[PDB]
């Protein structure tokens, strides 16, 4: 059941639905410090993607999940099946891009996109700074197929930032361990070999572009890159936070920023 893989969950109520997408290695629980502050005003729809929960027996890695375009298509199917009208889409990490891709096809279904820790491409070119040289990609991949357990122990603190002991690193490690290792590797490869830069000018719905100032995976210049290239309205806010999952690791800072961008129009 594709429904089992997505694990769509709804909470809250209101005239507007907020759809929350998550990044690689985590799941919808990454939004645990945001949801309490939305449910009074919004219906909230959460879903799992990018291989999350694939240690569940009922999980099957459908063919559509071979590409980020397939995830974008699947998001559109979710919006259809849950009768979504003009959602506020909040995408962490690559789900910002699957949301953006989807919004080019059904802009009528998106009131806005709020991007958190988004990047259209991690690998550098001669002319584009994504934050990774080839050596960096190969070193981050590390033991992902040799020894999944070892890989997680190194990957999780690097991505989350701060220090290995933090609850956020523990949480990210927990969700990584709810991924089947083969799926983690294939999705990791999909992501690092995807290049979404060409889509940006086709995006027309308003984009609120939020990131940590100190994110190992997303140089500060990436927020500006997106801002300069999208085809509709946009705004940038770079937070004084570290790490790729600041909604989990620095909620005291990140949650009020997210709420302001959810609740208020540009501009």
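Positions refer to the first chain, counted from 1.
Going by the average Cα B-factor in the PDB entry, point out whether 26 to 34 or 50 to 58 comes out higher. The deposited B-factors put 50 to 58 ahead on the C-alpha mean.
Comparing 1 to 9 with 256 to 264, which has the greater mean CA B-factor as deposited? Comparing 1 to 9 with 256 to 264, the higher mean C-alpha B-factor belongs to 1 to 9.
Going by the entry, which of 134, 99, 120, 154 has the most elevated CA B factor? That would be 154, according to the entry.
Just the C-alpha B-factor column, please: which of 142, 91, 107, 130 has the biggest number? Reading the PDB entry, the winner on C-alpha B-factor is 142.
Residue 187, C-alpha B-factor rank within chain (lowest, middle or highest third): Middle third.
Relative to the other modelled residues of the same chain, rank the CA B-factor of residue 103 and answer lowest, middle or highest third. CA B-factor rank for residue 103: lowest third.
Ranked against its chain, the third holding the CA B-factor of residue 243: Ranked within chain, residue 243 CA B lands in the highest tercile.
Classify residue 147 as lowest, middle or highest third according to the C-alpha B-factor given in the PDB entry, relative to its own chain. It falls in the top third of the chain.
Using only modelled residues of the chain, where does the Cα B factor of residue 78 rank: lowest third, middle third or highest third? Middle third.
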